[PDB]
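Colleague: Sharing target.pdb below, PDB, C-alpha atoms:
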ATOM      1  CA  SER A   1     -56.625  63.349 -56.594  1.00  0.00           C
ATOM      2  CA  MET A   2     -56.271  60.009 -58.329  1.00  0.00           C
ATOM      3  CA  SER A   3     -56.651  61.151 -61.885  1.00  0.00           C
ATOM      4  CA  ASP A   4     -53.865  63.734 -61.507  1.00  0.00           C
ATOM      5  CA  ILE A   5     -51.518  61.032 -60.257  1.00  0.00           C
ATOM      6  CA  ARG A   6     -52.570  58.737 -63.109  1.00  0.00           C
ATOM      7  CA  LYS A   7     -52.437  61.419 -65.749  1.00  0.00           C
ATOM      8  CA  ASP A   8     -48.941  62.574 -64.690  1.00  0.00           C
ATOM      9  CA  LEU A   9     -47.682  58.996 -64.604  1.00  0.00           C
ATOM     10  CA  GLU A  10     -49.028  58.252 -68.092  1.00  0.00           C
ATOM     11  CA  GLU A  11     -47.458  61.452 -69.443  1.00  0.00           C
ATOM     12  CA  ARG A  12     -44.014  60.294 -68.133  1.00  0.00           C
ATOM     13  CA  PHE A  13     -44.569  56.858 -69.661  1.00  0.00           C
ATOM     14  CA  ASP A  14     -45.485  58.471 -73.014  1.00  0.00           C
ATOM     15  CA  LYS A  15     -42.289  60.601 -72.919  1.00  0.00           C
ATOM     16  CA  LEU A  16     -40.134  57.482 -72.509  1.00  0.00           C
ATOM     17  CA  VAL A  17     -41.866  55.822 -75.472  1.00  0.00           C
ATOM     18  CA  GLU A  18     -41.454  58.972 -77.653  1.00  0.00           C
ATOM     19  CA  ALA A  19     -37.795  59.218 -76.700  1.00  0.00           C
ATOM     20  CA  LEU A  20     -37.051  55.586 -77.499  1.00  0.00           C
ATOM     21  CA  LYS A  21     -38.914  55.823 -80.800  1.00  0.00           C
ATOM     22  CA  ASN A  22     -36.980  58.994 -81.745  1.00  0.00           C
ATOM     23  CA  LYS A  23     -33.659  57.183 -81.082  1.00  0.00           C
ATOM     24  CA  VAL A  24     -34.625  54.154 -83.196  1.00  0.00           C
ATOM     25  CA  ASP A  25     -36.161  56.148 -86.065  1.00  0.00           C
ATOM     26  CA  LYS A  26     -33.121  58.411 -86.373  1.00  0.00           C
ATOM     27  CA  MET A  27     -30.798  55.368 -86.643  1.00  0.00           C
ATOM     28  CA  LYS A  28     -32.951  53.805 -89.374  1.00  0.00           C
ATOM     29  CA  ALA A  29     -32.925  57.031 -91.434  1.00  0.00           C
ATOM     30  CA  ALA A  30     -29.089  57.244 -91.109  1.00  0.00           C
ATOM     31  CA  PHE A  31     -28.761  53.580 -91.930  1.00  0.00           C
ATOM     32  CA  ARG A  32     -27.488  52.575 -95.315  1.00  0.00           C
ATOM     33  CA  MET A  33     -27.620  48.870 -96.183  1.00  0.00           C
ATOM     34  CA  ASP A  34     -23.792  48.585 -96.512  1.00  0.00           C
ATOM     35  CA  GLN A  35     -21.064  46.786 -94.611  1.00  0.00           C
ATOM     36  CA  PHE A  36     -19.778  49.410 -92.155  1.00  0.00           C
ATOM     37  CA  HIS A  37     -23.325  49.960 -91.049  1.00  0.00           C
ATOM     38  CA  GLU A  38     -24.089  46.226 -90.874  1.00  0.00           C
ATOM     39  CA  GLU A  39     -21.121  45.309 -88.674  1.00  0.00           C
ATOM     40  CA  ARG A  40     -22.105  48.098 -86.235  1.00  0.00           C
ATOM     41  CA  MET A  41     -25.705  46.955 -85.696  1.00  0.00           C
ATOM     42  CA  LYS A  42     -24.556  44.341 -83.196  1.00  0.00           C
ATOM     43  CA  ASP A  43     -23.160  47.044 -80.894  1.00  0.00           C
ATOM     44  CA  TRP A  44     -26.063  49.390 -81.562  1.00  0.00           C
ATOM     45  CA  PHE A  45     -28.511  46.605 -80.607  1.00  0.00           C
ATOM     46  CA  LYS A  46     -26.482  45.977 -77.468  1.00  0.00           C
ATOM     47  CA  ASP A  47     -26.749  49.693 -76.575  1.00  0.00           C
ATOM     48  CA  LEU A  48     -30.504  49.744 -77.380  1.00  0.00           C
ATOM     49  CA  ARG A  49     -31.138  46.822 -74.999  1.00  0.00           C
ATOM     50  CA  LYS A  50     -29.292  48.777 -72.244  1.00  0.00           C
ATOM     51  CA  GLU A  51     -31.547  51.778 -73.070  1.00  0.00           C
ATOM     52  CA  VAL A  52     -34.719  49.741 -72.781  1.00  0.00           C
ATOM     53  CA  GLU A  53     -33.467  48.313 -69.440  1.00  0.00           C
ATOM     54  CA  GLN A  54     -32.816  51.811 -68.162  1.00  0.00           C
ATOM     55  CA  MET A  55     -36.254  52.977 -69.189  1.00  0.00           C
ATOM     56  CA  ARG A  56     -37.913  49.975 -67.616  1.00  0.00           C
ATOM     57  CA  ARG A  57     -35.995  50.999 -64.483  1.00  0.00           C
ATOM     58  CA  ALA A  58     -37.385  54.524 -64.769  1.00  0.00           C
ATOM     59  CA  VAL A  59     -40.837  52.985 -65.244  1.00  0.00           C
ATOM     60  CA  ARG A  60     -40.520  51.192 -61.887  1.00  0.00           C
ATOM     61  CA  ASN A  61     -39.230  54.328 -60.137  1.00  0.00           C
ATOM     62  CA  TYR A  62     -42.065  56.459 -61.556  1.00  0.00           C
ATOM     63  CA  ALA A  63     -44.688  53.811 -60.597  1.00  0.00           C
ATOM     64  CA  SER A  64     -43.270  53.388 -57.086  1.00  0.00           C
ATOM     65  CA  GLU A  65     -43.643  57.128 -56.544  1.00  0.00           C
ATOM     66  CA  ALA A  66     -47.209  57.161 -57.877  1.00  0.00           C
ATOM     67  CA  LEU A  67     -48.038  54.278 -55.530  1.00  0.00           C
ATOM     68  CA  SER A  68     -46.509  56.275 -52.667  1.00  0.00           C
ATOM     69  CA  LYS A  69     -48.800  59.243 -53.437  1.00  0.00           C
ATOM     70  CA  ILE A  70     -51.821  56.972 -53.681  1.00  0.00           C
ATOM     71  CA  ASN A  71     -51.155  55.398 -50.298  1.00  0.00           C
ATOM     72  CA  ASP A  72     -50.964  58.868 -48.707  1.00  0.00           C
ATOM     73  CA  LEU A  73     -54.527  59.722 -49.865  1.00  0.00           C
ATOM     74  CA  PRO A  74     -57.427  59.873 -47.390  1.00  0.00           C
ATOM     75  CA  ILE A  75     -59.173  56.926 -49.039  1.00  0.00           C
ATOM     76  CA  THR A  76     -60.039  53.334 -48.038  1.00  0.00           C
ATOM     77  CA  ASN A  77     -57.586  50.462 -48.389  1.00  0.00           C
ATOM     78  CA  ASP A  78     -60.001  48.995 -50.934  1.00  0.00           C
ATOM     79  CA  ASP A  79     -59.815  52.150 -53.074  1.00  0.00           C
ATOM     80  CA  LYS A  80     -56.038  52.224 -52.727  1.00  0.00           C
ATOM     81  CA  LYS A  81     -55.901  48.655 -54.164  1.00  0.00           C
ATOM     82  CA  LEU A  82     -58.141  49.580 -57.077  1.00  0.00           C
ATOM     83  CA  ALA A  83     -55.785  52.531 -57.755  1.00  0.00           C
ATOM     84  CA  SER A  84     -52.679  50.377 -57.579  1.00  0.00           C
ATOM     85  CA  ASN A  85     -54.397  47.959 -60.002  1.00  0.00           C
ATOM     86  CA  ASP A  86     -54.788  50.910 -62.445  1.00  0.00           C
ATOM     87  CA  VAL A  87     -51.133  51.835 -61.983  1.00  0.00           C
ATOM     88  CA  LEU A  88     -50.130  48.256 -62.721  1.00  0.00           C
ATOM     89  CA  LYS A  89     -52.223  48.341 -65.929  1.00  0.00           C
ATOM     90  CA  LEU A  90     -50.431  51.534 -67.035  1.00  0.00           C
ATOM     91  CA  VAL A  91     -47.059  49.883 -66.274  1.00  0.00           C
ATOM     92  CA  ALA A  92     -48.048  46.869 -68.363  1.00  0.00           C
ATOM     93  CA  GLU A  93     -48.956  49.141 -71.279  1.00  0.00           C
ATOM     94  CA  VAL A  94     -45.710  51.161 -71.254  1.00  0.00           C
ATOM     95  CA  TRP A  95     -43.747  47.943 -71.027  1.00  0.00           C
ATOM     96  CA  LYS A  96     -45.535  46.590 -74.081  1.00  0.00           C
ATOM     97  CA  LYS A  97     -44.881  49.788 -76.074  1.00  0.00           C
ATOM     98  CA  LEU A  98     -41.145  49.855 -75.149  1.00  0.00           C
ATOM     99  CA  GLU A  99     -40.724  46.178 -75.970  1.00  0.00           C
ATOM    100  CA  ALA A 100     -42.554  46.530 -79.317  1.00  0.00           C
ATOM    101  CA  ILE A 101     -40.200  49.323 -80.445  1.00  0.00           C
ATOM    102  CA  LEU A 102     -37.205  47.062 -79.766  1.00  0.00           C
ATOM    103  CA  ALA A 103     -38.873  43.981 -81.288  1.00  0.00           C
ATOM    104  CA  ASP A 104     -39.900  46.002 -84.358  1.00  0.00           C
ATOM    105  CA  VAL A 105     -36.380  47.342 -85.177  1.00  0.00           C
ATOM    106  CA  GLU A 106     -34.843  43.891 -84.579  1.00  0.00           C
ATOM    107  CA  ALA A 107     -37.334  42.484 -87.143  1.00  0.00           C
ATOM    108  CA  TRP A 108     -36.621  45.377 -89.547  1.00  0.00           C
ATOM    109  CA  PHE A 109     -32.909  44.543 -89.593  1.00  0.00           C
ATOM    110  CA  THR A 110     -33.382  40.776 -89.952  1.00  0.00           C
ATOM    111  CA  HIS A 111     -35.823  41.390 -92.831  1.00  0.00           C
ATOM    112  CA  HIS A 112     -33.629  44.144 -94.397  1.00  0.00           C
ATOM    113  CA  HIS A 113     -30.873  41.528 -94.277  1.00  0.00           C
ATOM    114  CA  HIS A 114     -32.803  38.430 -95.614  1.00  0.00           C
TER     115      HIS A 114
END
When written as structure tokens, how does the structure in this file appear?
Modeller:
Amino acid sequence: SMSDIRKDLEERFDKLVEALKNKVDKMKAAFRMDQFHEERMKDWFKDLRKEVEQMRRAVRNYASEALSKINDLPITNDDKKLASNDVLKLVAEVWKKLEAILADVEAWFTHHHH
């Protein structure tokens, strides 16, 4: 069924978001506003952008597989397109959440620093 496919996809998306958030939160709690820590944020931001890229890659892989499952269902082509539309909406929402996490910690450090 459609809802199973959707529900399972959204659960994977939510795990990526939780995992990214955990990584960012734990850095902020370890962060002291001193020099050693300041000079390292450049590299840590570099590594966080790689992480986001890797998760956006996972997002495409997970969505491609959901679309595969949808296209195997005994439903009309019209219904398949409606389903893929719903998948694409879920993809847009996990993208937005992943990008906000990154944007938010980048703003936290700029603001911490000004």
Colleague: Hey, can you check how far atom CA of residue 70 of chain A sits from atom CA of residue 93 of chain A?
Modeller: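 Separating atom CA of residue 70 of chain A from atom CA of residue 93 of chain A is a distance of 19.5 Å.
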Colleague: For atom CA of residue 86 of chain A and atom CA of residue 2 of chain A, determine how far apart the two atoms are, in Å to one decimal place.
Modeller: 10.1 Å
Colleague: Give as a compact mmCIF listing (two decimals) with C-alpha atoms, in the coordinates of the input the set of residues within 12 Å of the point (-36.5, 46.4, -82.4), where distances use the file's coordinates and all atoms listed in the file.
Modeller:
# COMPACT_ATOMS: atom_id res chain seq x y z
CA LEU A 20 -37.05 55.59 -77.50
CA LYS A 21 -38.91 55.82 -80.80
CA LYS A 23 -33.66 57.18 -81.08
CA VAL A 24 -34.62 54.15 -83.20
CA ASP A 25 -36.16 56.15 -86.06
CA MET A 27 -30.80 55.37 -86.64
CA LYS A 28 -32.95 53.80 -89.37
CA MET A 41 -25.70 46.96 -85.70
CA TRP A 44 -26.06 49.39 -81.56
CA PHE A 45 -28.51 46.60 -80.61
CA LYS A 46 -26.48 45.98 -77.47
CA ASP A 47 -26.75 49.69 -76.58
CA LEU A 48 -30.50 49.74 -77.38
CA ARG A 49 -31.14 46.82 -75.00
CA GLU A 51 -31.55 51.78 -73.07
CA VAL A 52 -34.72 49.74 -72.78
CA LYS A 97 -44.88 49.79 -76.07
CA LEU A 98 -41.14 49.86 -75.15
CA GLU A 99 -40.72 46.18 -75.97
CA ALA A 100 -42.55 46.53 -79.32
CA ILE A 101 -40.20 49.32 -80.44
CA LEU A 102 -37.20 47.06 -79.77
CA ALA A 103 -38.87 43.98 -81.29
CA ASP A 104 -39.90 46.00 -84.36
CA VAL A 105 -36.38 47.34 -85.18
CA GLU A 106 -34.84 43.89 -84.58
CA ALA A 107 -37.33 42.48 -87.14
CA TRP A 108 -36.62 45.38 -89.55
CA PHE A 109 -32.91 44.54 -89.59
CA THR A 110 -33.38 40.78 -89.95
CA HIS A 111 -35.82 41.39 -92.83
Colleague: Can you work out the spacing between atom CA of residue 30 of chain A and atom CA of residue 59 of chain A in Å, to one decimal?
Modeller: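 Interatomic distance here is 28.7 Å.
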Colleague: Using all atoms listed in the file, which of the listed residues (A:65, A:79, A:85, A:92) sits closest to residue 5 of chain A?
Modeller: A:65
Colleague: Taking 5 positions as the minimum chain separation for residues in the same chain, which residues sit within 9 Å of residue 71 of chain A when counting only C-alpha atoms? Answer as JSON, numbers by chain.
Modeller: {"A": [66, 77, 80, 84]}
Colleague: So, counting all atoms listed in the file, which residue among A:54, A:1, A:91, A:35 is closest to residue 75 of chain A?
Modeller: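 For residue 75 of chain A, the nearest of the given residues is A:1.
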Colleague: Which residue gives the smallest distance to residue 62 of chain A among A:114, A:10, A:4, A:89, with only C-alpha atoms counted?
Modeller: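 Under the stated criterion, the closest residue is A:10.
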Colleague: I need the residue nearest residue 113 of chain A from this list: A:69, A:96, A:37, A:6. Use all atoms listed in the file for the distance.
Modeller: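 Smallest separation from residue 113 of chain A among the options: A:37.
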